[PDB]
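Engineer: The structure file query-v6.cif (mmCIF, C-alpha atoms) is provided below.
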```cif
data_protein
#
loop_
_atom_site.label_atom_id
_atom_site.label_comp_id
_atom_site.auth_asym_id
_atom_site.auth_seq_id
_atom_site.Cartn_x
_atom_site.Cartn_y
_atom_site.Cartn_z
CA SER K 1 136.27 106.64 72.64
CA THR K 2 134.55 104.63 75.37
CA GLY K 3 134.98 101.33 77.13
CA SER K 4 132.61 99.06 79.03
CA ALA K 5 133.57 95.96 81.01
CA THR K 6 131.70 93.64 83.33
CA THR K 7 133.07 93.28 86.85
CA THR K 8 132.33 90.06 88.74
CA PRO K 9 132.50 89.23 92.49
CA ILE K 10 135.34 86.85 93.30
CA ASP K 11 133.29 84.90 95.86
CA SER K 12 129.82 84.62 97.39
CA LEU K 13 130.51 87.49 99.83
CA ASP K 14 131.52 90.16 97.28
CA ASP K 15 134.96 90.34 98.94
CA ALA K 16 136.29 91.94 95.74
CA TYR K 17 135.44 92.30 92.08
CA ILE K 18 137.52 91.26 89.08
CA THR K 19 137.39 92.77 85.59
CA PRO K 20 139.05 91.23 82.51
CA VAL K 21 141.87 93.32 81.05
CA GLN K 22 143.71 92.67 77.79
CA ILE K 23 147.48 93.24 78.02
CA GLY K 24 149.96 92.95 75.17
CA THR K 25 149.96 91.65 71.62
CA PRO K 26 148.53 89.04 71.17
CA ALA K 27 146.29 89.92 74.08
CA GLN K 28 146.91 88.24 77.42
CA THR K 29 143.72 88.55 79.44
CA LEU K 30 144.16 88.94 83.20
CA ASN K 31 141.42 89.51 85.75
CA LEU K 32 142.33 92.62 87.71
CA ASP K 33 140.89 94.25 90.80
CA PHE K 34 139.96 97.80 89.80
CA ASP K 35 140.97 99.93 92.78
CA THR K 36 139.92 103.58 93.05
CA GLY K 37 142.08 103.75 96.20
CA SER K 38 145.47 103.18 94.52
CA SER K 39 147.26 104.19 91.37
CA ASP K 40 149.41 101.27 90.19
CA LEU K 41 148.48 98.78 87.50
CA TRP K 42 150.42 95.69 88.55
CA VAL K 43 150.16 92.06 87.53
CA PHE K 44 151.34 88.62 88.42
CA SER K 45 153.90 87.78 85.79
CA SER K 46 156.52 85.42 84.45
CA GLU K 47 158.87 87.35 86.77
CA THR K 48 156.92 86.63 89.97
CA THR K 49 158.78 84.39 92.43
CA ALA K 50 157.47 80.92 91.60
CA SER K 51 156.58 79.98 95.19
CA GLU K 52 154.40 83.10 95.36
CA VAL K 53 152.19 82.17 92.39
CA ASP K 54 149.30 79.82 93.16
CA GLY K 55 146.72 79.65 90.38
CA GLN K 56 146.85 83.23 89.09
CA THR K 57 147.06 83.99 85.40
CA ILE K 58 150.39 85.64 84.63
CA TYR K 59 151.53 88.27 82.17
CA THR K 60 154.58 87.16 80.17
CA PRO K 61 156.08 90.27 78.55
CA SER K 62 158.46 88.23 76.41
CA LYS K 63 155.40 86.85 74.57
CA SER K 64 154.06 90.34 73.76
CA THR K 65 155.42 91.99 70.64
CA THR K 66 154.43 95.43 72.01
CA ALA K 67 156.01 95.07 75.47
CA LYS K 68 159.05 97.22 76.24
CA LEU K 69 161.03 97.22 79.46
CA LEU K 70 160.86 100.65 81.09
CA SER K 71 164.56 100.76 81.82
CA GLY K 72 165.52 101.43 85.43
CA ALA K 73 161.95 101.66 86.69
CA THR K 74 160.86 99.81 89.81
CA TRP K 75 157.77 99.88 91.97
CA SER K 76 156.83 98.86 95.48
CA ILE K 77 153.46 99.32 97.14
CA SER K 78 151.92 98.61 100.53
CA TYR K 79 148.17 98.60 101.01
CA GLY K 80 145.99 99.52 103.97
CA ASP K 81 145.57 95.86 104.96
CA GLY K 82 149.33 95.32 105.22
CA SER K 83 149.67 93.48 101.92
CA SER K 84 152.36 94.49 99.46
CA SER K 85 153.99 93.81 96.10
CA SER K 86 156.97 95.05 94.11
CA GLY K 87 158.83 94.58 90.85
CA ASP K 88 159.90 96.18 87.59
CA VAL K 89 157.97 97.87 84.81
CA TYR K 90 157.09 97.37 81.16
CA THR K 91 155.07 99.53 78.85
CA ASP K 92 152.50 97.74 76.75
CA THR K 93 149.10 98.03 75.15
CA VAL K 94 146.24 97.65 77.63
CA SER K 95 142.56 97.40 76.74
CA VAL K 96 139.54 97.44 79.04
CA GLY K 97 136.13 96.73 77.59
CA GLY K 98 137.15 97.91 74.12
CA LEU K 99 139.07 101.03 75.23
CA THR K 100 142.75 100.79 74.31
CA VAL K 101 145.74 102.66 75.77
CA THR K 102 149.14 102.27 74.19
CA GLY K 103 152.28 102.71 76.25
CA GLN K 104 150.56 101.97 79.57
CA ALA K 105 152.91 101.22 82.45
CA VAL K 106 152.34 97.57 83.39
CA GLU K 107 154.08 96.90 86.70
CA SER K 108 155.33 93.31 86.74
CA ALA K 109 155.47 91.76 90.19
CA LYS K 110 158.67 90.08 91.25
CA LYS K 111 157.35 89.66 94.80
CA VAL K 112 153.84 89.62 96.27
CA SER K 113 152.76 89.19 99.88
CA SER K 114 151.00 86.05 101.08
CA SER K 115 147.47 87.47 100.86
CA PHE K 116 147.89 87.92 97.09
CA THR K 117 149.42 84.47 96.61
CA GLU K 118 146.54 82.95 98.58
CA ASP K 119 143.89 84.56 96.35
CA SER K 120 143.97 82.70 93.05
CA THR K 121 141.14 84.80 91.59
CA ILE K 122 142.98 88.15 91.44
CA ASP K 123 145.74 88.45 88.82
CA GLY K 124 146.68 92.01 89.78
CA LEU K 125 145.31 95.47 90.45
CA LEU K 126 144.38 98.34 88.16
CA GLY K 127 144.59 101.56 90.12
CA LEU K 128 142.11 104.37 89.44
CA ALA K 129 143.07 106.92 92.08
CA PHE K 130 145.11 109.96 91.07
CA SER K 131 148.45 109.42 89.40
CA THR K 132 150.26 111.34 92.16
CA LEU K 133 150.04 108.10 94.21
CA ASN K 134 151.74 105.92 91.59
CA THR K 135 154.78 104.22 93.11
CA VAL K 136 157.01 103.81 90.04
CA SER K 137 160.48 105.23 90.62
CA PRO K 138 162.38 107.21 89.45
CA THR K 139 159.75 108.34 86.92
CA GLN K 140 156.19 108.21 88.24
CA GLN K 141 153.71 106.69 85.78
CA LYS K 142 150.11 107.52 84.86
CA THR K 143 147.06 105.40 85.58
CA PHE K 144 145.09 103.76 82.81
CA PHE K 145 142.35 106.38 83.25
CA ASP K 146 144.82 109.26 83.11
CA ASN K 147 146.32 107.86 79.90
CA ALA K 148 142.89 107.28 78.36
CA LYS K 149 141.27 110.53 79.47
CA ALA K 150 142.10 112.71 76.47
CA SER K 151 140.69 110.10 74.07
CA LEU K 152 137.48 109.53 76.02
CA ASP K 153 134.20 111.10 74.92
CA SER K 154 133.94 112.52 78.44
CA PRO K 155 136.71 112.40 81.09
CA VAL K 156 134.80 110.10 83.45
CA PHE K 157 134.51 106.52 84.54
CA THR K 158 131.63 104.92 86.41
CA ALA K 159 131.44 102.08 88.93
CA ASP K 160 128.22 100.04 89.10
CA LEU K 161 129.07 97.17 91.45
CA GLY K 162 126.54 94.39 91.95
CA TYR K 163 125.28 92.86 95.17
CA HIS K 164 126.02 89.15 94.86
CA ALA K 165 126.00 89.72 91.10
CA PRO K 166 128.11 91.17 88.29
CA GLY K 167 128.26 94.87 87.60
CA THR K 168 129.94 97.27 85.20
CA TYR K 169 132.85 99.67 84.84
CA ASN K 170 132.30 102.19 82.05
CA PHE K 171 134.89 104.64 80.68
CA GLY K 172 134.07 107.81 78.82
CA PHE K 173 130.29 107.92 79.20
CA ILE K 174 127.46 107.87 81.72
CA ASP K 175 124.86 105.15 81.07
CA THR K 176 121.62 106.96 81.91
CA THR K 177 119.74 103.64 81.94
CA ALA K 178 121.88 102.29 84.77
CA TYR K 179 120.45 104.31 87.68
CA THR K 180 117.19 105.73 88.98
CA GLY K 181 116.44 109.35 89.69
CA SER K 182 119.25 111.86 89.34
CA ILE K 183 122.98 111.81 90.01
CA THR K 184 124.07 114.09 92.84
CA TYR K 185 127.59 115.41 92.44
CA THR K 186 129.84 116.38 95.32
CA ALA K 187 133.24 118.02 95.67
CA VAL K 188 136.48 116.02 95.65
CA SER K 189 139.81 116.84 97.29
CA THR K 190 142.79 115.34 95.50
CA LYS K 191 145.26 116.56 98.12
CA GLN K 192 145.93 113.01 99.39
CA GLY K 193 145.72 111.41 95.94
CA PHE K 194 142.31 109.83 96.58
CA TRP K 195 138.72 110.38 95.50
CA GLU K 196 138.13 112.12 98.82
CA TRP K 197 134.74 113.67 99.54
CA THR K 198 132.51 114.67 102.46
CA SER K 199 129.29 112.81 103.17
CA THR K 200 126.57 114.96 104.73
CA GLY K 201 125.50 112.43 107.37
CA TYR K 202 123.80 109.12 108.03
CA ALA K 203 120.76 107.26 109.27
CA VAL K 204 120.40 103.81 110.83
CA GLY K 205 117.41 101.83 109.61
CA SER K 206 114.23 103.90 109.75
CA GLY K 207 115.83 106.31 112.21
CA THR K 208 116.22 110.04 111.76
CA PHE K 209 118.99 111.36 109.56
CA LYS K 210 121.94 112.82 111.48
CA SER K 211 123.50 115.74 109.64
CA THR K 212 127.25 115.57 110.15
CA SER K 213 130.25 115.89 107.86
CA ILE K 214 132.07 112.61 107.22
CA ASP K 215 135.23 112.96 105.15
CA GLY K 216 136.23 109.76 103.40
CA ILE K 217 137.40 108.14 100.20
CA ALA K 218 135.47 106.25 97.53
CA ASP K 219 137.51 103.04 97.33
CA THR K 220 136.39 100.15 95.11
CA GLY K 221 139.40 98.16 96.32
CA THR K 222 138.19 98.01 99.92
CA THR K 223 135.46 95.48 100.77
CA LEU K 224 133.79 97.15 103.74
CA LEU K 225 132.50 100.53 104.92
CA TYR K 226 134.80 102.09 107.52
CA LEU K 227 133.33 105.02 109.45
CA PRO K 228 133.92 106.88 112.71
CA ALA K 229 133.47 104.88 115.89
CA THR K 230 130.49 107.00 116.97
CA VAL K 231 128.62 106.20 113.75
CA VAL K 232 129.52 102.51 113.79
CA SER K 233 128.46 102.13 117.43
CA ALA K 234 125.11 103.77 116.62
CA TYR K 235 124.57 101.26 113.82
CA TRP K 236 125.43 98.08 115.73
CA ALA K 237 123.47 99.21 118.80
CA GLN K 238 120.39 98.45 116.69
CA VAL K 239 121.39 94.79 116.24
CA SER K 240 120.61 92.62 119.26
CA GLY K 241 123.71 90.78 120.39
CA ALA K 242 126.14 92.71 118.18
CA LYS K 243 129.47 93.59 119.76
CA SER K 244 132.99 94.64 118.91
CA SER K 245 135.36 91.69 119.26
CA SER K 246 139.04 92.48 119.73
CA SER K 247 139.90 88.84 118.99
CA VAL K 248 138.01 88.78 115.69
CA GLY K 249 139.00 92.32 114.72
CA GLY K 250 135.72 94.20 114.52
CA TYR K 251 132.00 94.12 115.04
CA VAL K 252 130.34 90.73 114.91
CA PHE K 253 126.68 89.90 115.23
CA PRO K 254 124.45 86.83 115.61
CA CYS K 255 123.95 85.18 112.27
CA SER K 256 120.25 84.88 113.21
CA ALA K 257 119.87 88.67 113.22
CA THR K 258 118.12 90.76 110.58
CA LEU K 259 120.28 93.79 109.91
CA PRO K 260 118.94 97.33 109.51
CA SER K 261 119.78 99.42 106.49
CA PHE K 262 122.32 102.23 106.64
CA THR K 263 121.82 105.51 104.78
CA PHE K 264 124.59 107.94 103.88
CA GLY K 265 124.19 111.48 102.61
CA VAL K 266 125.51 112.88 99.34
CA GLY K 267 124.61 116.53 99.51
CA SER K 268 120.85 116.62 99.96
CA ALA K 269 120.52 113.12 98.46
CA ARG K 270 120.49 109.81 100.31
CA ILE K 271 121.97 106.43 99.40
CA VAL K 272 120.43 103.46 101.24
CA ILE K 273 122.56 100.39 101.87
CA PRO K 274 120.16 97.48 102.50
CA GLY K 275 120.79 95.53 105.67
CA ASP K 276 121.64 92.37 103.74
CA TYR K 277 124.62 94.17 102.14
CA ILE K 278 126.15 94.50 105.62
CA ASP K 279 126.24 90.73 106.32
CA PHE K 280 129.67 89.21 105.64
CA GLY K 281 128.77 85.78 106.96
CA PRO K 282 130.26 83.48 109.55
CA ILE K 283 133.61 84.50 111.02
CA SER K 284 134.74 80.90 110.45
CA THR K 285 133.03 78.00 108.74
CA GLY K 286 130.06 76.83 110.78
CA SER K 287 130.13 79.70 113.27
CA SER K 288 126.93 81.43 114.29
CA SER K 289 128.88 84.69 114.75
CA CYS K 290 128.81 86.76 111.57
CA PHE K 291 131.15 89.57 110.53
CA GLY K 292 129.74 93.05 110.01
CA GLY K 293 130.14 95.09 106.86
CA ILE K 294 130.32 98.42 108.69
CA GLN K 295 133.42 98.77 110.84
CA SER K 296 135.27 101.49 112.70
CA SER K 297 137.86 103.57 110.85
CA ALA K 298 139.48 104.65 114.13
CA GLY K 299 142.63 102.62 113.47
CA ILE K 300 142.91 103.61 109.79
CA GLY K 301 143.24 107.39 109.85
CA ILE K 302 140.63 107.88 107.12
CA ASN K 303 137.03 106.88 106.56
CA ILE K 304 136.52 104.53 103.62
CA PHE K 305 133.41 104.18 101.48
CA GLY K 306 134.30 100.72 100.21
CA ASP K 307 132.28 98.25 98.21
CA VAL K 308 129.55 97.86 100.87
CA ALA K 309 128.65 101.52 100.28
CA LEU K 310 129.54 101.87 96.61
CA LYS K 311 127.54 98.81 95.48
CA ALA K 312 124.36 100.50 96.70
CA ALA K 313 124.95 103.29 94.14
CA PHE K 314 125.82 104.15 90.58
CA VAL K 315 129.03 106.11 91.11
CA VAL K 316 130.56 108.64 88.71
CA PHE K 317 134.27 109.37 88.98
CA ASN K 318 134.46 112.69 87.12
CA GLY K 319 138.07 113.38 86.14
CA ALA K 320 137.49 116.84 84.73
CA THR K 321 140.04 119.54 85.53
CA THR K 322 138.27 119.94 88.86
CA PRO K 323 137.29 116.34 89.74
CA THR K 324 133.96 115.53 91.36
CA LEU K 325 132.08 112.42 92.46
CA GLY K 326 128.50 111.59 91.55
CA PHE K 327 126.14 109.17 93.29
CA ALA K 328 122.76 107.90 92.14
CA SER K 329 120.46 105.25 93.51
CA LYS K 330 119.92 102.22 91.26
#
```
Give the structure from this file in C-alpha cells form.

Structural biologist:
Amino acid sequence: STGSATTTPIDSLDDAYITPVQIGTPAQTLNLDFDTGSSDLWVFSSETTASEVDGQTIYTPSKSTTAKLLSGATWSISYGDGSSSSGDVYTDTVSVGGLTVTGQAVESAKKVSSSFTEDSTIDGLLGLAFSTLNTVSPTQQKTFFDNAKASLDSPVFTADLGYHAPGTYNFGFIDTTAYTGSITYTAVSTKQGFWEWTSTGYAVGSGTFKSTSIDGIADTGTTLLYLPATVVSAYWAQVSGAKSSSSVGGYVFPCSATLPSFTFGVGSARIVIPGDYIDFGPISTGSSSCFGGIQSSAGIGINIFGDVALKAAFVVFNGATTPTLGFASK
C-alpha cells in the first residue's frame, strides 16, 4: 500500500503545516500537524475541557462505530516549547491520503495548554518519530507509520514541505518526480527516539563551506532551524543590523535587509536554504524588526533541522531495520 496527502501552511509565515487525517467510521476529518519530532497521535476531542477548545475540529469517539476505549491507558506530553497536552486513549481506524491503519491509538485530549487552544488551525498532532517516545502508559503505543510499515510497498515516508505553498507527505514510496538530482542518504541514530543525524557542515551565502559535524534532528514539528551559537553568529554577522535580542528571544534583523542563503551539508551533498526562507516577519504587527529563521540551539540541548531547513529539501524518512535519512534538492 501507499498513501499521499497534501500538507498546507497554517499561516503566511509557514509557522506549521496541517494535513487532513480521517479518523473513525464514518470518517471524522481533522487537520493534524505531522511531527517527526514526537511519537503521539493526539487530537482535540469531545473530551477536551470546553474552555480549552476555540475553533478546532474535534474527534467524538462516541460517533465512531470503530472506536474502542483502550482501557486504563493515559497519555501526557510536553513539547520543547513548553506546551503540553494529556488525556485518555481510544483505538480507531485512521487514514492518511488513502493509507488506512486499523487499531491505531488515537490519544484524546482532556487538557491542552494555552498555545494549542489559541491555534484554531491545528486539531492535533500525528507523531512520526520512533515509537519508543510514545507517552501512552502503561502500554506504550505505536505511531501511525510503525503500524502502517509492514503494509507499505517500501518502509518509508517522505516530507516535501512548501515555501509559502502546500507540499506533500507520501507513505510507502519515493516520488522520483518530486526532486532534482539524486537523494543523498545519511546515517540515523535512534538512541534518543528521534531522526537524529549528523550534518557535514555549512556555508553562509556565497561563502566557503565549513566542514564540521553538526548532530541534530529532522523535526517537521519545529518551525525554525536551531544550530550551535557559533554557526548562528556567523550567519547573522552577514546581515547588517542583525542582533540577538534577549527581550525578543533570539536574533532579529531589520525588515529592510536582504538575507543571505544558508547551506547545510548532507554527506558530500549540499542543501541551500534561500535567504527568503529565513525571514519570519515583524516581531509584532507594524514593527520594522523582523524575526530570524535561524536561531541558537544553545538553550535546547540539541540542534534542530526544523521546517526552515526541511522545506528546502525533499526528505526521505527511511524506516528500514536500520533507519536512514535522505535529502535531495527540489

Engineer: Can you list, as a list in words, every protein, DNA or RNA residue that comes within 6 Å of segment 57-66 of chain K when you count all atoms listed in the file, leaving out same-chain residues fewer than 5 positions away?

Structural biologist: residues 24, 25, 44, 45, 46, 92 and 123 of chain K

Engineer: So which residues touch segment 94-99 of chain K within 6 Å, counting all atoms listed in the file, skipping near sequence neighbours fewer than 3 positions away, as a PyMOL selection string?

Structural biologist: chain K and resi 2-5+21-23

Engineer: Separation of atom CA of residue 251 of chain K and atom CA of residue 265 of chain K, in Å?

Structural biologist: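 Calculated distance between atom CA of residue 251 of chain K and atom CA of residue 265 of chain K is 22.7 Å.
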
Engineer: Produce a table with one row for each residue of segment 67-119 of chain K that has an atom at most 12 Å from any atom of segment 34-39 of chain K, each row naming the nearest atom pair and its distance in Å at one decimal; use all atoms listed in the file; arrange rows by chain and rising residue number; format as a Markdown table.

Structural biologist:
```
| residue | atom | partner | partner_atom | distance |
| --- | --- | --- | --- | --- |
| K:75 | CA | K:39 | CA | 11.4 |
| K:76 | CA | K:39 | CA | 11.7 |
| K:77 | CA | K:38 | CA | 9.3 |
| K:78 | CA | K:38 | CA | 9.9 |
| K:79 | CA | K:38 | CA | 8.4 |
| K:80 | CA | K:37 | CA | 9.7 |
| K:96 | CA | K:34 | CA | 10.8 |
| K:105 | CA | K:39 | CA | 11.0 |
| K:106 | CA | K:39 | CA | 11.5 |
| K:107 | CA | K:39 | CA | 11.0 |
```

Engineer: Run the PyMOL selection byres ((chain K and resi 217) around 8) mentally over the shown coordinates, then write out the matched residues as a list in words, using the chain letters and numbers from the document.

Structural biologist: residues 37, 194, 195, 196, 197, 215, 216, 218, 219, 302, 303, 304 and 305 of chain K

Engineer: I need the chosen residues saved as a compact mmCIF listing (two decimals), keeping the file's coordinate frame, with C-alpha atoms.

Structural biologist:
```txt
# COMPACT_ATOMS: atom_id res chain seq x y z
CA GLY K 37 142.08 103.75 96.20
CA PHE K 194 142.31 109.83 96.58
CA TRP K 195 138.72 110.38 95.50
CA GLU K 196 138.13 112.12 98.82
CA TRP K 197 134.74 113.67 99.54
CA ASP K 215 135.23 112.96 105.15
CA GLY K 216 136.23 109.76 103.40
CA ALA K 218 135.47 106.25 97.53
CA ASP K 219 137.51 103.04 97.33
CA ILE K 302 140.63 107.88 107.12
CA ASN K 303 137.03 106.88 106.56
CA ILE K 304 136.52 104.53 103.62
CA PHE K 305 133.41 104.18 101.48
```

Engineer: Using only C-alpha atoms, which protein or nucleic acid residues come within 8 Å of residue 70 of chain K? Drop anything in the same chain fewer than 5 positions from it, and give the result as number ranges by chain.

Structural biologist: K: 88-91

Engineer: Hey, what comes out of the PyMOL selection byres ((chain K and resi 316) around 7) on this file? Could you write it as JSON, numbers by chain?

Structural biologist: {"K": [156, 157, 158, 159, 314, 315, 317, 318, 325, 326, 327]}

Engineer: Please determine, counting only C-alpha atoms, which residue among K:281, K:115, K:175, K:104 has the shortest atom-to-atom distance to residue 145 of chain K.

Structural biologist: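 Distance minimum relative to residue 145 of chain K lands on K:104.
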
Engineer: Please write the residues picked by the PyMOL selection byres ((chain K and resi 213) around 8) on this file as a PyMOL selection string.

Structural biologist: chain K and resi 198-201+211-212+214-215

Engineer: Could you tell me how far atom CA of residue 191 of chain K sits from atom CA of residue 137 of chain K, in Å to one decimal place?

Structural biologist: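 Computed distance, atom CA of residue 137 of chain K to atom CA of residue 191 of chain K, equals 20.4 Å.
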
Engineer: Report as a VMD selection string all protein, DNA and RNA residues lying within 7 Å of residue 42 of chain K, evaluated on all atoms listed in the file, omitting residues in the same chain fewer than 3 positions from it.

Structural biologist: chain K and resid 106 to 109 124 to 126

Engineer: Could you please determine the separation between atom CA of residue 152 of chain K and atom CA of residue 169 of chain K in Å, to one decimal place?

Structural biologist: 14.0 Å

Engineer: Could you tell me which of K:133, K:269, K:165, K:294 comes closest to residue 226 of chain K if we count only C-alpha atoms?

Structural biologist: K:294

Engineer: Just checking: using only C-alpha atoms, which residue out of K:15, K:47, K:307, K:40 ends up closest to residue 144 of chain K?

Structural biologist: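 Checking each candidate against residue 144 of chain K, we get K:40 as the closest.
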
Engineer: Output, as JSON, the centre and edge lengths in Å (one decimal) of the axis-aligned box that contains all listed atoms of segment 258-269 of chain K with 3 Å of margin on each side.

Structural biologist:
```
{"center_x": 121.8, "center_y": 103.7, "center_z": 104.5, "size_x": 13.4, "size_y": 31.9, "size_z": 18.1}
```

Engineer: Would you kindly place N, CA, C and O atoms on segment 314-325 of chain K and return the model as a compact mmCIF listing (two decimals), in the frame of the given file?

Structural biologist:
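Dumped to selection-v3.txt:
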```txt
# COMPACT_ATOMS: atom_id res chain seq x y z
N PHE K 314 125.14 103.94 91.85
CA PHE K 314 125.82 104.15 90.58
C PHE K 314 126.74 105.34 90.83
O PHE K 314 126.27 106.40 91.24
N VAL K 315 128.04 105.12 90.68
CA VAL K 315 129.03 106.11 91.11
C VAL K 315 129.80 106.63 89.90
O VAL K 315 130.38 105.85 89.14
N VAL K 316 129.84 107.95 89.79
CA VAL K 316 130.56 108.64 88.71
C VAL K 316 131.85 109.22 89.27
O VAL K 316 131.83 110.04 90.20
N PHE K 317 132.96 108.81 88.68
CA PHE K 317 134.27 109.37 88.98
C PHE K 317 134.58 110.36 87.86
O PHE K 317 134.99 109.98 86.76
N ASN K 318 134.33 111.64 88.13
CA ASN K 318 134.46 112.69 87.12
C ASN K 318 135.87 113.27 87.20
O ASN K 318 136.20 113.97 88.15
N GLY K 319 136.68 112.96 86.19
CA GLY K 319 138.07 113.38 86.14
C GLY K 319 138.31 114.63 85.31
O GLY K 319 139.38 114.81 84.72
N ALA K 320 137.31 115.50 85.28
CA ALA K 320 137.49 116.84 84.73
C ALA K 320 138.58 117.59 85.49
O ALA K 320 139.09 117.14 86.52
N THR K 321 138.95 118.76 84.95
CA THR K 321 140.04 119.54 85.53
C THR K 321 139.85 119.73 87.03
O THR K 321 140.82 119.66 87.80
N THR K 322 138.63 120.00 87.45
CA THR K 322 138.27 119.94 88.86
C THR K 322 137.46 118.66 89.07
O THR K 322 136.28 118.62 88.69
N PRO K 323 138.04 117.60 89.62
CA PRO K 323 137.29 116.34 89.74
C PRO K 323 136.12 116.46 90.71
O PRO K 323 136.15 117.23 91.67
N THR K 324 135.08 115.67 90.44
CA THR K 324 133.96 115.53 91.36
C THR K 324 133.53 114.08 91.38
O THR K 324 133.98 113.27 90.56
N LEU K 325 132.72 113.72 92.38
CA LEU K 325 132.08 112.42 92.46
C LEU K 325 130.58 112.60 92.32
O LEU K 325 130.01 113.56 92.82
```
